[PDB]
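Student: Pasting run.txt here (compact mmCIF, C-alpha atoms):
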# COMPACT_ATOMS: atom_id res chain seq x y z
CA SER A 1 -38.16 -82.84 -49.79
CA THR A 2 -39.81 -84.67 -52.67
CA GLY A 3 -40.27 -88.24 -53.87
CA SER A 4 -41.00 -89.77 -57.27
CA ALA A 5 -41.81 -93.43 -57.95
CA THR A 6 -42.98 -95.34 -60.98
CA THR A 7 -46.27 -97.22 -60.70
CA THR A 8 -46.83 -100.26 -62.92
CA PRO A 9 -50.02 -102.13 -63.91
CA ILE A 10 -50.20 -105.59 -62.34
CA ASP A 11 -51.65 -107.19 -65.47
CA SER A 12 -52.74 -106.55 -69.06
CA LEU A 13 -56.07 -105.05 -67.96
CA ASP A 14 -54.72 -102.42 -65.54
CA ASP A 15 -56.65 -104.12 -62.72
CA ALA A 16 -54.42 -102.29 -60.24
CA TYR A 17 -51.04 -100.61 -60.06
CA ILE A 18 -48.03 -101.42 -57.89
CA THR A 19 -45.33 -99.08 -56.67
CA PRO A 20 -42.09 -100.18 -54.99
CA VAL A 21 -41.72 -99.11 -51.36
CA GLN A 22 -38.66 -99.48 -49.14
CA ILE A 23 -39.44 -100.59 -45.57
CA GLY A 24 -36.94 -101.05 -42.77
CA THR A 25 -33.17 -101.15 -42.35
CA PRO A 26 -31.66 -102.63 -44.44
CA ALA A 27 -34.41 -101.86 -46.92
CA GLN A 28 -37.00 -104.49 -47.72
CA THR A 29 -38.68 -103.53 -50.99
CA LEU A 30 -42.35 -104.46 -51.31
CA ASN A 31 -44.67 -103.62 -54.19
CA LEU A 32 -47.69 -101.82 -52.74
CA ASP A 33 -51.05 -100.75 -54.16
CA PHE A 34 -51.29 -96.99 -53.53
CA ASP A 35 -54.90 -96.40 -52.55
CA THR A 36 -56.38 -92.90 -52.29
CA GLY A 37 -59.60 -94.53 -51.02
CA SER A 38 -58.17 -95.93 -47.77
CA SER A 39 -55.77 -94.93 -45.02
CA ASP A 40 -53.85 -97.98 -43.83
CA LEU A 41 -50.34 -98.99 -44.91
CA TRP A 42 -50.41 -102.77 -44.49
CA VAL A 43 -48.14 -105.50 -45.73
CA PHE A 44 -47.81 -109.22 -46.12
CA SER A 45 -45.33 -110.23 -43.47
CA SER A 46 -43.51 -112.97 -41.59
CA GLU A 47 -46.60 -112.95 -39.32
CA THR A 48 -49.12 -113.66 -42.10
CA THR A 49 -50.81 -117.05 -41.82
CA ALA A 50 -48.65 -119.27 -44.05
CA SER A 51 -51.54 -120.76 -46.04
CA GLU A 52 -52.65 -117.23 -46.95
CA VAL A 53 -49.32 -116.30 -48.57
CA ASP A 54 -48.89 -117.33 -52.23
CA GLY A 55 -45.99 -115.62 -53.98
CA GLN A 56 -46.04 -112.22 -52.27
CA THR A 57 -42.91 -110.61 -50.92
CA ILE A 58 -43.12 -110.33 -47.14
CA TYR A 59 -41.89 -107.76 -44.63
CA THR A 60 -39.94 -109.38 -41.79
CA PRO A 61 -39.73 -106.88 -38.95
CA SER A 62 -37.24 -109.00 -36.99
CA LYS A 63 -34.73 -108.35 -39.79
CA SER A 64 -35.12 -104.57 -39.59
CA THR A 65 -32.96 -102.76 -37.06
CA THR A 66 -35.36 -99.80 -37.09
CA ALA A 67 -38.60 -101.78 -36.57
CA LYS A 68 -40.40 -101.42 -33.25
CA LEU A 69 -43.60 -103.17 -32.19
CA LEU A 70 -46.33 -100.63 -31.54
CA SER A 71 -47.40 -102.30 -28.35
CA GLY A 72 -51.05 -103.21 -28.06
CA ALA A 73 -52.01 -101.85 -31.46
CA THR A 74 -54.15 -103.87 -33.84
CA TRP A 75 -55.86 -103.16 -37.14
CA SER A 76 -58.65 -104.64 -39.22
CA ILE A 77 -59.99 -103.38 -42.52
CA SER A 78 -62.76 -104.32 -44.90
CA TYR A 79 -62.79 -102.83 -48.38
CA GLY A 80 -65.80 -101.97 -50.54
CA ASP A 81 -65.26 -105.04 -52.71
CA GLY A 82 -65.52 -107.38 -49.72
CA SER A 83 -61.80 -108.09 -49.33
CA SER A 84 -60.22 -107.72 -45.88
CA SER A 85 -57.11 -108.05 -43.76
CA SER A 86 -56.02 -107.58 -40.15
CA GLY A 87 -53.05 -107.85 -37.82
CA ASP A 88 -50.72 -105.94 -35.54
CA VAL A 89 -48.48 -102.89 -36.01
CA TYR A 90 -44.84 -101.88 -36.16
CA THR A 91 -43.25 -98.51 -36.67
CA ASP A 92 -40.37 -98.41 -39.12
CA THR A 93 -38.66 -96.28 -41.76
CA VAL A 94 -40.57 -96.15 -45.05
CA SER A 95 -39.29 -94.59 -48.27
CA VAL A 96 -41.10 -93.96 -51.54
CA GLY A 97 -39.17 -92.78 -54.55
CA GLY A 98 -36.48 -91.19 -52.41
CA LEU A 99 -38.82 -89.62 -49.82
CA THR A 100 -38.28 -91.04 -46.34
CA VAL A 101 -40.59 -91.09 -43.32
CA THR A 102 -39.30 -92.36 -39.99
CA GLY A 103 -41.71 -93.84 -37.45
CA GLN A 104 -44.34 -94.77 -40.06
CA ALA A 105 -46.98 -97.21 -38.88
CA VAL A 106 -46.50 -100.40 -40.88
CA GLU A 107 -49.47 -102.67 -40.32
CA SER A 108 -48.39 -106.30 -40.42
CA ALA A 109 -51.02 -108.73 -41.68
CA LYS A 110 -51.76 -111.80 -39.63
CA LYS A 111 -54.77 -112.60 -41.83
CA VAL A 112 -55.74 -111.67 -45.38
CA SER A 113 -58.80 -112.62 -47.40
CA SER A 114 -58.66 -114.88 -50.41
CA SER A 115 -58.55 -112.09 -53.00
CA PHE A 116 -55.28 -110.84 -51.52
CA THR A 117 -53.75 -114.31 -51.32
CA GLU A 118 -54.69 -114.94 -54.94
CA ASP A 119 -52.99 -111.77 -56.16
CA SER A 120 -49.30 -112.62 -56.09
CA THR A 121 -48.32 -109.21 -57.46
CA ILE A 122 -49.61 -107.06 -54.57
CA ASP A 123 -47.53 -107.16 -51.37
CA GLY A 124 -49.83 -104.78 -49.48
CA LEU A 125 -51.58 -101.42 -49.65
CA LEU A 126 -50.41 -97.87 -48.99
CA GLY A 127 -53.38 -95.71 -48.07
CA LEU A 128 -53.53 -92.09 -49.20
CA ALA A 129 -57.01 -91.04 -48.07
CA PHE A 130 -57.39 -88.96 -44.88
CA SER A 131 -55.96 -90.34 -41.65
CA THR A 132 -59.39 -90.20 -39.99
CA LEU A 133 -60.12 -93.50 -41.81
CA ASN A 134 -57.07 -95.32 -40.43
CA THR A 135 -58.16 -98.49 -38.62
CA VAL A 136 -55.42 -98.87 -36.01
CA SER A 137 -56.75 -99.25 -32.47
CA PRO A 138 -56.56 -97.98 -29.79
CA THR A 139 -54.35 -95.22 -31.20
CA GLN A 140 -55.21 -94.20 -34.77
CA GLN A 141 -52.17 -93.77 -37.01
CA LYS A 142 -51.25 -91.34 -39.77
CA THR A 143 -50.80 -92.11 -43.45
CA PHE A 144 -47.45 -91.90 -45.18
CA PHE A 145 -48.53 -88.65 -46.84
CA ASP A 146 -49.72 -87.12 -43.57
CA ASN A 147 -46.39 -87.99 -41.92
CA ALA A 148 -44.38 -86.65 -44.89
CA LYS A 149 -46.39 -83.47 -45.42
CA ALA A 150 -44.54 -81.00 -43.26
CA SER A 151 -41.23 -81.97 -44.87
CA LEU A 152 -42.47 -81.77 -48.45
CA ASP A 153 -41.65 -78.77 -50.63
CA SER A 154 -45.41 -78.46 -51.22
CA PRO A 155 -48.09 -80.46 -49.37
CA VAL A 156 -49.26 -82.39 -52.42
CA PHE A 157 -48.98 -85.68 -54.20
CA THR A 158 -49.87 -86.45 -57.80
CA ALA A 159 -51.17 -89.55 -59.57
CA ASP A 160 -50.28 -90.06 -63.22
CA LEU A 161 -51.55 -93.54 -64.04
CA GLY A 162 -50.81 -95.11 -67.43
CA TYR A 163 -53.15 -96.90 -69.79
CA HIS A 164 -51.55 -100.30 -70.30
CA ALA A 165 -48.23 -98.63 -69.35
CA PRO A 166 -46.30 -97.44 -66.30
CA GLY A 167 -46.99 -94.08 -64.70
CA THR A 168 -45.82 -92.03 -61.74
CA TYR A 169 -46.66 -91.01 -58.18
CA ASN A 170 -44.90 -87.80 -57.14
CA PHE A 171 -44.78 -86.36 -53.63
CA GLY A 172 -44.09 -82.71 -52.85
CA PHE A 173 -44.09 -81.17 -56.32
CA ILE A 174 -46.12 -80.80 -59.48
CA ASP A 175 -44.29 -81.91 -62.65
CA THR A 176 -45.33 -79.27 -65.16
CA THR A 177 -44.04 -81.43 -68.03
CA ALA A 178 -46.43 -84.28 -67.19
CA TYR A 179 -49.69 -82.73 -68.45
CA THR A 180 -51.08 -80.56 -71.24
CA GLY A 181 -52.95 -77.28 -70.84
CA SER A 182 -53.88 -76.18 -67.33
CA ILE A 183 -54.81 -77.96 -64.10
CA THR A 184 -58.37 -77.27 -62.98
CA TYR A 185 -58.82 -77.37 -59.23
CA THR A 186 -62.06 -78.30 -57.52
CA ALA A 187 -63.27 -78.39 -53.90
CA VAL A 188 -62.90 -81.43 -51.67
CA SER A 189 -65.04 -82.57 -48.77
CA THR A 190 -63.15 -84.59 -46.18
CA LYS A 191 -66.33 -85.36 -44.20
CA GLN A 192 -66.26 -89.07 -45.11
CA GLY A 193 -62.45 -89.30 -45.03
CA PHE A 194 -62.12 -89.47 -48.83
CA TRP A 195 -60.93 -87.20 -51.62
CA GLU A 196 -64.58 -86.41 -52.31
CA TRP A 197 -65.51 -83.87 -54.98
CA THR A 198 -68.35 -82.97 -57.36
CA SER A 199 -68.04 -83.42 -61.08
CA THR A 200 -70.00 -80.94 -63.17
CA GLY A 201 -71.40 -83.44 -65.67
CA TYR A 202 -70.69 -85.83 -68.49
CA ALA A 203 -70.88 -86.60 -72.19
CA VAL A 204 -71.01 -89.90 -74.09
CA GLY A 205 -68.89 -90.04 -77.23
CA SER A 206 -69.42 -87.00 -79.41
CA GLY A 207 -72.72 -86.25 -77.69
CA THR A 208 -73.71 -83.07 -75.94
CA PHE A 209 -72.48 -82.39 -72.43
CA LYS A 210 -75.05 -82.90 -69.68
CA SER A 211 -74.55 -80.44 -66.82
CA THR A 212 -75.33 -82.30 -63.62
CA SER A 213 -73.58 -82.54 -60.24
CA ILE A 214 -72.03 -85.93 -59.53
CA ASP A 215 -70.51 -86.29 -56.07
CA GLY A 216 -67.84 -88.98 -55.87
CA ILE A 217 -64.37 -89.93 -54.72
CA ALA A 218 -61.02 -90.00 -56.47
CA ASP A 219 -59.91 -93.55 -55.69
CA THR A 220 -56.73 -95.00 -57.16
CA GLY A 221 -57.45 -98.27 -55.36
CA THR A 222 -60.65 -98.97 -57.35
CA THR A 223 -60.22 -100.30 -60.89
CA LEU A 224 -63.41 -99.06 -62.55
CA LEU A 225 -65.57 -95.95 -62.87
CA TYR A 226 -68.77 -96.28 -60.81
CA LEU A 227 -71.46 -93.69 -61.56
CA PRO A 228 -75.23 -93.27 -61.09
CA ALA A 229 -77.42 -95.75 -62.96
CA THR A 230 -78.89 -93.03 -65.16
CA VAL A 231 -75.43 -91.98 -66.41
CA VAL A 232 -74.24 -95.56 -66.91
CA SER A 233 -77.39 -96.52 -68.83
CA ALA A 234 -76.92 -93.51 -71.12
CA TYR A 235 -73.36 -94.65 -71.84
CA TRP A 236 -74.09 -98.31 -72.60
CA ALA A 237 -77.16 -97.44 -74.69
CA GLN A 238 -74.64 -96.19 -77.27
CA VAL A 239 -73.03 -99.65 -77.59
CA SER A 240 -74.99 -102.15 -79.70
CA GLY A 241 -75.65 -105.33 -77.78
CA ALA A 242 -74.52 -104.00 -74.40
CA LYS A 243 -76.59 -105.10 -71.42
CA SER A 244 -76.49 -105.34 -67.66
CA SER A 245 -75.95 -108.96 -66.65
CA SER A 246 -76.99 -109.94 -63.14
CA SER A 247 -75.09 -113.23 -63.53
CA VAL A 248 -71.83 -111.50 -64.47
CA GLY A 249 -72.36 -108.60 -62.06
CA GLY A 250 -72.57 -105.58 -64.34
CA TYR A 251 -72.59 -104.27 -67.88
CA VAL A 252 -71.11 -106.45 -70.58
CA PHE A 253 -70.79 -105.76 -74.26
CA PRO A 254 -69.88 -107.63 -77.45
CA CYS A 255 -66.13 -107.84 -77.80
CA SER A 256 -66.60 -106.85 -81.48
CA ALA A 257 -67.78 -103.38 -80.44
CA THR A 258 -65.89 -100.14 -80.70
CA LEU A 259 -66.59 -98.24 -77.48
CA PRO A 260 -67.37 -94.52 -77.35
CA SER A 261 -65.38 -92.19 -75.16
CA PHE A 262 -66.75 -90.83 -71.90
CA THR A 263 -66.19 -87.23 -70.78
CA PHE A 264 -66.49 -85.98 -67.22
CA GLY A 265 -66.53 -82.38 -66.05
CA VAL A 266 -64.13 -80.74 -63.62
CA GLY A 267 -65.49 -77.25 -63.18
CA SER A 268 -65.61 -75.79 -66.69
CA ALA A 269 -62.92 -78.23 -67.86
CA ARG A 270 -63.42 -81.66 -69.41
CA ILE A 271 -61.50 -84.94 -69.09
CA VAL A 272 -62.00 -87.41 -71.93
CA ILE A 273 -61.71 -91.13 -71.23
CA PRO A 274 -61.02 -92.88 -74.57
CA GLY A 275 -63.30 -95.79 -75.40
CA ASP A 276 -60.46 -98.31 -75.23
CA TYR A 277 -59.95 -97.47 -71.54
CA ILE A 278 -63.47 -98.79 -70.88
CA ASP A 279 -62.73 -102.27 -72.31
CA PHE A 280 -61.86 -104.86 -69.64
CA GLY A 281 -61.81 -107.76 -72.04
CA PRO A 282 -63.53 -111.15 -72.11
CA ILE A 283 -65.49 -112.08 -69.00
CA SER A 284 -63.76 -115.49 -69.13
CA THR A 285 -61.04 -116.82 -71.42
CA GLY A 286 -62.32 -117.25 -74.96
CA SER A 287 -65.62 -115.45 -74.36
CA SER A 288 -66.95 -112.92 -76.86
CA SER A 289 -68.68 -111.05 -74.02
CA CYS A 290 -66.49 -108.28 -72.64
CA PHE A 291 -66.70 -106.55 -69.25
CA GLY A 292 -67.34 -102.81 -69.15
CA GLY A 293 -65.19 -100.29 -67.34
CA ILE A 294 -68.10 -98.00 -66.45
CA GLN A 295 -70.51 -99.60 -63.98
CA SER A 296 -73.40 -98.51 -61.78
CA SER A 297 -72.71 -97.24 -58.28
CA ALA A 298 -76.26 -98.09 -57.20
CA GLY A 299 -76.00 -99.97 -53.93
CA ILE A 300 -72.35 -98.96 -53.35
CA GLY A 301 -73.66 -95.80 -51.77
CA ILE A 302 -71.01 -93.59 -53.38
CA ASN A 303 -69.78 -92.75 -56.88
CA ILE A 304 -66.17 -93.75 -57.49
CA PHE A 305 -63.77 -92.15 -59.95
CA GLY A 306 -61.46 -95.16 -60.04
CA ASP A 307 -58.52 -95.95 -62.29
CA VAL A 308 -60.57 -95.90 -65.52
CA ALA A 309 -61.22 -92.21 -64.94
CA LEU A 310 -58.03 -91.18 -63.18
CA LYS A 311 -55.68 -92.69 -65.75
CA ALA A 312 -57.12 -90.29 -68.35
CA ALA A 313 -55.79 -87.36 -66.27
CA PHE A 314 -52.90 -85.93 -64.35
CA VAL A 315 -54.39 -85.69 -60.85
CA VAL A 316 -53.23 -83.44 -58.03
CA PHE A 317 -54.13 -84.38 -54.45
CA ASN A 318 -53.57 -81.07 -52.69
CA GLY A 319 -53.27 -81.62 -48.95
CA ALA A 320 -53.09 -77.97 -47.95
CA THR A 321 -55.05 -76.87 -44.88
CA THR A 322 -58.11 -76.76 -47.12
CA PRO A 323 -57.59 -79.73 -49.44
CA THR A 324 -58.47 -79.59 -53.14
CA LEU A 325 -58.20 -81.84 -56.20
CA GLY A 326 -56.70 -80.84 -59.53
CA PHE A 327 -57.23 -82.48 -62.92
CA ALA A 328 -55.39 -81.88 -66.19
CA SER A 329 -55.47 -83.63 -69.54
CA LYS A 330 -52.23 -85.29 -70.60
Show this structure as structure tokens.
Tutor:
Amino acid sequence: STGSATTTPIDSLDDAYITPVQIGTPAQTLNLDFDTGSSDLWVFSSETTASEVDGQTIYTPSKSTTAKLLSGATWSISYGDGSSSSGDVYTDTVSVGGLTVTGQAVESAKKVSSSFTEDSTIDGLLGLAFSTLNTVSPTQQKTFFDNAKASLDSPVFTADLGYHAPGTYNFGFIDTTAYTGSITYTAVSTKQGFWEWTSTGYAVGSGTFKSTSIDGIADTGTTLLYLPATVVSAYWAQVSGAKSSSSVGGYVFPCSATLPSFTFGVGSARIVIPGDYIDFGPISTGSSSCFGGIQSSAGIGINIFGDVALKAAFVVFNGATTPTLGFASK
């Protein structure tokens, strides 16, 4: 089997991407944030505290003839950015782009943090990291991909995120028309539960490539590119007037600037992030200070190849017995 679904930016900045997902019988379609940095499929629901729901579409398990309470199971997650949610668990039928999993754990939120409430466009998350990170207790549950894998034509999914445009998540096949040149594959460590890999270096603009190992994760659920302070300083030093602002919480730059590209290495291959992808616009409406899309990972504890980086590539998440990651230009 295979599946193919379009993923759409939630706003004009590509802060996140939403993908329609069918849950239950008859189908209830919710727009979920596919997150290769976490491993829980959770939704706003009829059980979510009413004051914490503001415009989201909810899953109502009582209206699904295939929903079953997973008795005694609870979940609770805290994300790197400080947001969180928790609740109980149902199993139900879940379909993405024509690919159907029966008995998928659907984690129903009883509580969500303010950032989730305030984002009316995101009805929940669909985790695509390794199932070892799943938070359901006392019986850990599998991700949608893990459940689908055996049925898929090939045990892979691909992320093809757009810059200010829709893109695609495919399951079970590699669309050879969706990228240019070749896909370069690179080793993955699953030791921390992430799609963790080592980039071979970077360049700023038309500058020379610096060969240096940068361990990090491919994370579709993180907006920005978070890299070591040395690398980030070298990038922003090429932008007149750019500075790290403790009050804003990262690098800002004059909105009048033209940003240089940023290149990262994948083995001997190179992925170029155009300068415009690094512009996240005014820090507040009407400001001439703009927020940068490349930020320091210092104090996160891990480097994160988030959407800024991934949307410059066609990315293969190869879930074979020994997982790997593939990157192609597009």
Student: For the point (-65.8, -104.8, -60.6) in the file's frame, write as a compact mmCIF listing (two decimals) with C-alpha atoms, keeping the file's coordinate frame all residues with an atom no more than 8 Å away, counting all atoms listed in the file.
Tutor:
# COMPACT_ATOMS: atom_id res chain seq x y z
CA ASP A 81 -65.26 -105.04 -52.71
CA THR A 223 -60.22 -100.30 -60.89
CA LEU A 224 -63.41 -99.06 -62.55
CA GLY A 249 -72.36 -108.60 -62.06
CA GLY A 250 -72.57 -105.58 -64.34
CA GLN A 295 -70.51 -99.60 -63.98
Student: Which is closer to residue A:220 than all the others in A:38, A:132, A:22, A:245, using all atoms listed in the file?
Tutor: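 Closest to residue A:220, using all atoms listed in the file: A:38.
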Student: Got a sec: who's within 8 Å of stretch 83-100 of chain A, counting only C-alpha atoms, leaving out chain neighbours fewer than 6 positions off, as a compact mmCIF listing (two decimals) with C-alpha atoms, in the coordinates of the input?
Tutor:
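Resulting contents of selection23.txt:
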# COMPACT_ATOMS: atom_id res chain seq x y z
CA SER A 1 -38.16 -82.84 -49.79
CA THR A 2 -39.81 -84.67 -52.67
CA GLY A 3 -40.27 -88.24 -53.87
CA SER A 4 -41.00 -89.77 -57.27
CA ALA A 5 -41.81 -93.43 -57.95
CA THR A 6 -42.98 -95.34 -60.98
CA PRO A 20 -42.09 -100.18 -54.99
CA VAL A 21 -41.72 -99.11 -51.36
CA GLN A 22 -38.66 -99.48 -49.14
CA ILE A 23 -39.44 -100.59 -45.57
CA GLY A 24 -36.94 -101.05 -42.77
CA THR A 25 -33.17 -101.15 -42.35
CA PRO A 61 -39.73 -106.88 -38.95
CA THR A 66 -35.36 -99.80 -37.09
CA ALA A 67 -38.60 -101.78 -36.57
CA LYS A 68 -40.40 -101.42 -33.25
CA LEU A 69 -43.60 -103.17 -32.19
CA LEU A 70 -46.33 -100.63 -31.54
CA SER A 71 -47.40 -102.30 -28.35
CA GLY A 72 -51.05 -103.21 -28.06
CA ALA A 73 -52.01 -101.85 -31.46
CA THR A 74 -54.15 -103.87 -33.84
CA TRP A 75 -55.86 -103.16 -37.14
CA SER A 76 -58.65 -104.64 -39.22
CA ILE A 77 -59.99 -103.38 -42.52
CA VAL A 106 -46.50 -100.40 -40.88
CA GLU A 107 -49.47 -102.67 -40.32
CA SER A 108 -48.39 -106.30 -40.42
CA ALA A 109 -51.02 -108.73 -41.68
CA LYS A 110 -51.76 -111.80 -39.63
CA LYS A 111 -54.77 -112.60 -41.83
CA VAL A 112 -55.74 -111.67 -45.38
CA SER A 113 -58.80 -112.62 -47.40
CA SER A 114 -58.66 -114.88 -50.41
CA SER A 115 -58.55 -112.09 -53.00
CA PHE A 116 -55.28 -110.84 -51.52
CA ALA A 148 -44.38 -86.65 -44.89
CA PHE A 171 -44.78 -86.36 -53.63
Student: Counting all atoms listed in the file, which residue out of A:325, A:161, A:255, A:229 sits closest to residue A:292?
Tutor: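 Among the listed residues, the smallest separation from residue A:292 belongs to A:255.
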Student: Pick from A:186, A:244, A:48, A:12: nearest to residue A:117, with only C-alpha atoms counted?
Tutor: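 Smallest separation from residue A:117 among the options: A:48.
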Student: Go through A:163, A:144, A:264, A:130 and flag the residue nearest residue A:201, using only C-alpha atoms for the distances.
Tutor: A:264
Student: Skipping near chain neighbours, those fewer than 4 positions away, what residues fall within 7 Å of residue A:147 using all atoms listed in the file, listed as a PyMOL selection string?
Tutor: chain A and resi 101+142-143
Student: Between A:13, A:165, A:27, A:273, which has the minimum distance to residue A:64 (counting all atoms listed in the file)?
Tutor: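 Among A:13, A:165, A:27, A:273, it is A:27 that comes nearest to residue A:64.
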Student: Env of residue A:210: 10 Å cut, atoms = all atoms listed in the file, seq-sep filter 3 positions within chain, self excluded. Answer as a compact mmCIF listing (two decimals) with C-alpha atoms, in the frame of the given file.
Tutor:
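In the end it all went to part_2.txt:
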# COMPACT_ATOMS: atom_id res chain seq x y z
CA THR A 200 -70.00 -80.94 -63.17
CA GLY A 201 -71.40 -83.44 -65.67
CA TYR A 202 -70.69 -85.83 -68.49
CA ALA A 203 -70.88 -86.60 -72.19
CA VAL A 204 -71.01 -89.90 -74.09
CA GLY A 207 -72.72 -86.25 -77.69
CA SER A 213 -73.58 -82.54 -60.24
CA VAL A 231 -75.43 -91.98 -66.41
CA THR A 263 -66.19 -87.23 -70.78
CA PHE A 264 -66.49 -85.98 -67.22
CA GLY A 265 -66.53 -82.38 -66.05
Student: List the residues sitting within 6 Å of (-67.7, -99.3, -75.0) in the file's frame, using all atoms listed in the file, as a ChimeraX atom specification.
Tutor: /A:239,259-260,275,278
Student: Out of A:274, A:323, A:9, A:172, which residue has the shortest atom-to-atom distance to residue A:31 when counting only C-alpha atoms?
Tutor: A:9
Student: Between atom CA of residue A:131 and atom CA of residue A:195, what is the spacing in Å?
Tutor: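 The value is 11.6 Å.
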Student: Report as a list in words all protein, DNA and RNA residues lying within 8 Å of residue A:59, evaluated on all atoms listed in the file, omitting residues in the same chain fewer than 2 positions from it.
Tutor: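 Once the adjacent positions are removed, what remains is residues 23, 28, 30, 43, 44, 45, 46, 57, 61 and 108 of chain A.
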Student: Residues of the last selection are to be written out with C-alpha atoms, as an mmCIF file, keeping the file's coordinate frame.
Tutor:
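out26.cif, written as the output of this step:
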data_model
loop_
_atom_site.group_PDB
_atom_site.id
_atom_site.type_symbol
_atom_site.label_atom_id
_atom_site.label_comp_id
_atom_site.auth_asym_id
_atom_site.auth_seq_id
_atom_site.Cartn_x
_atom_site.Cartn_y
_atom_site.Cartn_z
ATOM 1 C CA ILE A 23 -39.440 -100.590 -45.570
ATOM 2 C CA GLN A 28 -37.000 -104.490 -47.720
ATOM 3 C CA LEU A 30 -42.350 -104.460 -51.310
ATOM 4 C CA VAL A 43 -48.140 -105.500 -45.730
ATOM 5 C CA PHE A 44 -47.810 -109.220 -46.120
ATOM 6 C CA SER A 45 -45.330 -110.230 -43.470
ATOM 7 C CA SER A 46 -43.510 -112.970 -41.590
ATOM 8 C CA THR A 57 -42.910 -110.610 -50.920
ATOM 9 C CA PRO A 61 -39.730 -106.880 -38.950
ATOM 10 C CA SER A 108 -48.390 -106.300 -40.420
#
Student: Would you fill out stretch 2-15 of chain A with N, CA, C and O atoms and return it as a PDB file, keeping the file's coordinate frame?
Tutor:
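Once everything was written out, this is selection_10.pdb:
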ATOM      1  N   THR A   2     -38.877 -84.134 -51.685  1.00  0.00           N
ATOM      2  CA  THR A   2     -39.810 -84.670 -52.670  1.00  0.00           C
ATOM      3  C   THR A   2     -39.542 -86.166 -52.822  1.00  0.00           C
ATOM      4  O   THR A   2     -38.510 -86.669 -52.383  1.00  0.00           O
ATOM      5  N   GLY A   3     -40.477 -86.868 -53.445  1.00  0.00           N
ATOM      6  CA  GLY A   3     -40.270 -88.240 -53.870  1.00  0.00           C
ATOM      7  C   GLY A   3     -40.932 -88.456 -55.222  1.00  0.00           C
ATOM      8  O   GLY A   3     -41.876 -87.742 -55.589  1.00  0.00           O
ATOM      9  N   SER A   4     -40.438 -89.439 -55.965  1.00  0.00           N
ATOM     10  CA  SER A   4     -41.000 -89.770 -57.270  1.00  0.00           C
ATOM     11  C   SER A   4     -40.800 -91.258 -57.512  1.00  0.00           C
ATOM     12  O   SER A   4     -39.677 -91.745 -57.471  1.00  0.00           O
ATOM     13  N   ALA A   5     -41.883 -91.987 -57.747  1.00  0.00           N
ATOM     14  CA  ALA A   5     -41.810 -93.430 -57.950  1.00  0.00           C
ATOM     15  C   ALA A   5     -42.681 -93.823 -59.123  1.00  0.00           C
ATOM     16  O   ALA A   5     -43.765 -93.282 -59.328  1.00  0.00           O
ATOM     17  N   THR A   6     -42.211 -94.789 -59.885  1.00  0.00           N
ATOM     18  CA  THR A   6     -42.980 -95.340 -60.980  1.00  0.00           C
ATOM     19  C   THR A   6     -43.984 -96.348 -60.461  1.00  0.00           C
ATOM     20  O   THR A   6     -43.666 -97.153 -59.572  1.00  0.00           O
ATOM     21  N   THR A   7     -45.194 -96.283 -61.012  1.00  0.00           N
ATOM     22  CA  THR A   7     -46.270 -97.220 -60.700  1.00  0.00           C
ATOM     23  C   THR A   7     -46.595 -98.021 -61.961  1.00  0.00           C
ATOM     24  O   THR A   7     -46.637 -97.471 -63.052  1.00  0.00           O
ATOM     25  N   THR A   8     -46.804 -99.327 -61.801  1.00  0.00           N
ATOM     26  CA  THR A   8     -46.830-100.260 -62.920  1.00  0.00           C
ATOM     27  C   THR A   8     -48.111-101.098 -62.840  1.00  0.00           C
ATOM     28  O   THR A   8     -48.430-101.615 -61.776  1.00  0.00           O
ATOM     29  N   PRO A   9     -48.853-101.235 -63.955  1.00  0.00           N
ATOM     30  CA  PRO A   9     -50.020-102.130 -63.910  1.00  0.00           C
ATOM     31  C   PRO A   9     -49.657-103.556 -63.548  1.00  0.00           C
ATOM     32  O   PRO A   9     -48.629-104.039 -63.988  1.00  0.00           O
ATOM     33  N   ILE A  10     -50.498-104.230 -62.770  1.00  0.00           N
ATOM     34  CA  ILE A  10     -50.200-105.590 -62.340  1.00  0.00           C
ATOM     35  C   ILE A  10     -50.472-106.614 -63.425  1.00  0.00           C
ATOM     36  O   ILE A  10     -50.002-107.737 -63.321  1.00  0.00           O
ATOM     37  N   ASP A  11     -51.246-106.252 -64.440  1.00  0.00           N
ATOM     38  CA  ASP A  11     -51.650-107.190 -65.470  1.00  0.00           C
ATOM     39  C   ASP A  11     -52.069-106.413 -66.715  1.00  0.00           C
ATOM     40  O   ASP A  11     -52.016-105.179 -66.737  1.00  0.00           O
ATOM     41  N   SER A  12     -52.482-107.138 -67.750  1.00  0.00           N
ATOM     42  CA  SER A  12     -52.740-106.550 -69.060  1.00  0.00           C
ATOM     43  C   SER A  12     -54.017-105.719 -69.101  1.00  0.00           C
ATOM     44  O   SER A  12     -54.281-105.059 -70.099  1.00  0.00           O
ATOM     45  N   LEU A  13     -54.801-105.764 -68.026  1.00  0.00           N
ATOM     46  CA  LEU A  13     -56.070-105.050 -67.960  1.00  0.00           C
ATOM     47  C   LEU A  13     -55.997-103.793 -67.111  1.00  0.00           C
ATOM     48  O   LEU A  13     -56.998-103.095 -66.981  1.00  0.00           O
ATOM     49  N   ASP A  14     -54.838-103.515 -66.512  1.00  0.00           N
ATOM     50  CA  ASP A  14     -54.720-102.420 -65.540  1.00  0.00           C
ATOM     51  C   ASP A  14     -55.678-102.639 -64.362  1.00  0.00           C
ATOM     52  O   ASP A  14     -56.345-101.710 -63.896  1.00  0.00           O
ATOM     53  N   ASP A  15     -55.750-103.860 -63.847  1.00  0.00           N
ATOM     54  CA  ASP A  15     -56.650-104.120 -62.720  1.00  0.00           C
ATOM     55  C   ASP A  15     -56.240-103.333 -61.469  1.00  0.00           C
ATOM     56  O   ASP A  15     -57.088-102.980 -60.637  1.00  0.00           O
TER      57      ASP A  15
END
